[PDB]
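First, one chain by itself in structure tokens, the form deposited in one PDB entry.
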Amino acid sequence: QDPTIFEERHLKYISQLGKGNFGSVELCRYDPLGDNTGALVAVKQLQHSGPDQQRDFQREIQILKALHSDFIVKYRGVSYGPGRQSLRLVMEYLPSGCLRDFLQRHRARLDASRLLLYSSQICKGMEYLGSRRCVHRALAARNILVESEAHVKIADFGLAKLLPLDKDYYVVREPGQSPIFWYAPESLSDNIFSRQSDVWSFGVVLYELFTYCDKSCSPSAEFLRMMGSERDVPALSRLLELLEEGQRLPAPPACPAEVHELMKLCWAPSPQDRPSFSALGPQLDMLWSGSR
């Protein structure tokens, strides 16, 4: 039978890789021989899951299984067993971890060339998603994995959703918890998501890259600075005002002028004024290839 069914009894828990409110990703060994020689895999499972979370998890599985890109984390299979909440998503395990941590650890040896390479790879992964009409909704350096020092892959499809065939956006109900500083203003204000709201998020990823995810100039830190001595204004309320005024994150010192221009375009107020990933990719490819 298919290599995509992993027997539950053979999955041996090792450690946690990620957690959210409704699920976790765990490092596990798939060990059918029982001698601790099996492959390592990353396994997602739900906790505190109601029907809605279970239904979304089914969606996540079917999306990831259908993606075949060098820049998207690889689906391996599922597992299940008796009773409920036992459905698991098995993926490849990337021991180098996430790009956010990699940039903070290795900042001093990673030049603008390499950051341009990462940006171009992430953009290609998002172009691939765009062609399949998938809105990722969690594009952030913490969800990008390092396959090797010159190869990254997009992960965390827990919020990903397909566009309908007849509409280029979708709307959610006022959900659980969003990373407000990565989200498009229409997403924040009206729960509208699209490929173009992902582009806005990509701009914030470029900002992360070219600050090396430094905590002192994180988006949240920059927001707090953009706050005058008013500390008790709800962040979301104030962010939305700042964005409406045309305020945006500053150009990082490591950031070439061309990349800053691309960030600014990713953050166009109107989603239809934002470039597609297919337009951004050649620009970043030119900049990467040119700095080699």
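Note that residue numbering begins at 1 and tracks the sequence as displayed. Rigid core here is just the name for the largest C-alpha set that superposes within 1.5 Å across the two forms.
The discussion below concerns the form deposited in another entry, not included here.
**Student:** Classify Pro234 as shifted (yes) or not shifted (no) between the shown form and the other one, where shifted means its C-alpha moves by 2 Å or more with the rigid core superposed.
**Tutor:** Comparing the forms between the shown form and the other one, which are aligned on their rigid core, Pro234 does shift its C-alpha by 2 Å or more.
**Student:** Using the rigid core as the reference frame, would you say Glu245 shifts its C-alpha by 2 Å or more between the shown form and the other one?
**Tutor:** Moves: no, less than 2 Å.
**Student:** Given a core-based superposition, decide whether the C-alpha of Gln272 shifts by 2 Å or more between the shown form and the other one.
**Tutor:** No, its C-alpha moves less than 2 Å.
**Student:** Given a change of 3 Å or more, say if the Cα atoms of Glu245 and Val233 sit closer or farther in the other form than in this form.
**Tutor:** So the answer is farther.
**Student:** Closer or farther: the CA pair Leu239/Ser229 in the other form, versus this form, with a change of 3 Å or more?
**Tutor:** Distance between the C-alphas of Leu239 and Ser229: shorter in the other form, by 3 Å or more.
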